[PDB]
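Next up: a single chain in structure tokens, the form deposited in one PDB entry.
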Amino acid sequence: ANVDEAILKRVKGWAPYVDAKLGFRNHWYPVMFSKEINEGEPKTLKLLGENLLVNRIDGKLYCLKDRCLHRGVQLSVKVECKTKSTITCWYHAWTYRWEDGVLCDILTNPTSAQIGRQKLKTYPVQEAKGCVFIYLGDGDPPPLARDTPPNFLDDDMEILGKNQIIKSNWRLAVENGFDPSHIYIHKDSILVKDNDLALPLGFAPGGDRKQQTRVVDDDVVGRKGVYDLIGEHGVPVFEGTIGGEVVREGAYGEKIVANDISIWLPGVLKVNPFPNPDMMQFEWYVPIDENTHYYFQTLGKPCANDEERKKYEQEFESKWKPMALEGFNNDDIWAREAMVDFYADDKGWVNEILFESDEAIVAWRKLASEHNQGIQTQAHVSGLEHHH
């Protein structure tokens, strides 16, 4: 659908994933934090190539396609919300209900036969853990838990985070995050020295192929994901040699992190514990268009009361955000960016030469291929085909 059939033919193992340049339809995705959207102040964003509007009305979020049915302009060019329940296109005043997208009035012609007989696409929106999720899909949504990693929605789990737009395809981001050997790029992170981390350079794998991961399709809430098990039969590498000469060493700090690493559909990584033994990291790589994603980073820590919550928050702002989310993950950003050119023409998928630790990535590509809930296409983006 999105990629040259000749390339798709050559990746048998994982063709749906190679075709899913625009992401997977019929999943939940986080797009902003709750606190970024106030009552009666609509926001625009692009998700899976679709321009969307989000509004908060009597405290509740609603999401409309930001494209008028009439002449295809963005309503957001000049927002006119003239009743709490509605938005009016600035051009010829077609008026839509936030609740169901129905065209309920046309100010320029209240006799129009179109009234009541057209409807703008809406998507479900839910807030959880101070995060706004959109179900970019058709029909009744699944529970959010299906599309979130374990423990993210636990009652006591306190989530704080950061979001930004990054110029790479979302798959380059997923793969970088779940890539065991990419830990090499983090060897000089301020986080490593300043938080006294143990951090190898890499891994000498052991065991068989199947032992390198746990593929999860037996989670009772219907989550689908892969655990990275390279360290169970594998040996961490702390000394990097060239021709037998040690030229680089790993980090020999005390704090043990990243015991459990798992990637989940639609594209969220959970690293536990990280960046400190008492907290976890959940990060999403949300498709905006073929070239760009939201890097939606969260750190979670179980907190028992408002006191714990407020100090977590203060540590987050003074330490974990600059030192970890920025000081550790900034290198991930430019690593993703550096793979853009090779994958741009869809040929990186066939001309890459993988090595042993990439078994984790292969397992993900296969899981995503088999268990995604739909391939987003340009027809989804450009819409229904009329023959008037």
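Here the rigid core means the biggest group of C-alpha atoms that line up within 1.5 Å when the two forms are laid on top of each other. Residue numbers run from 1 along the displayed sequence.
- Relative to its counterpart among 316-324 and 357-365, 316-324 has the higher mean temperature factor, C-alpha atoms as listed in the PDB entry.
- Here 29-37 and 336-344 are compared by their mean Cα B-factor, and 29-37 comes out higher.
- Comparing C-alpha B-factors across 174, 256, 132, 166 in the deposited entry, the largest value falls on 256.
- Of all the options 305, 118, 112, 74, the entry's greatest CA B-factor is assigned to 305.
- Residue-level temperature factors show residue 137 in the middle third of its chain, judged at the C-alpha atom.
- Per the PDB record, residue ranking by Cα B-factor puts residue 242 in the lowest third of the chain.
- Ranked by C-alpha B-factor against the other modelled residues of its chain, residue 20 falls in the lowest third.
- Split the chain's modelled residues into thirds by C-alpha temperature factor. Residue 58 is in the highest one.
- Residue 154: CA B factor lies in the highest third for its chain, per the PDB record.
Note that the form deposited in another entry isn't included here; everything after this is about it.
- When the two forms are superposed on their rigid core between this form and the one not shown, the C-alpha shift of 2 Å or more among 124, 101, 250, 231 belongs solely to 231.
- Fitting the two forms on the rigid core leaves the C-alpha of residue 212 displaced by at least 2 angstroms between this form and the one not shown.
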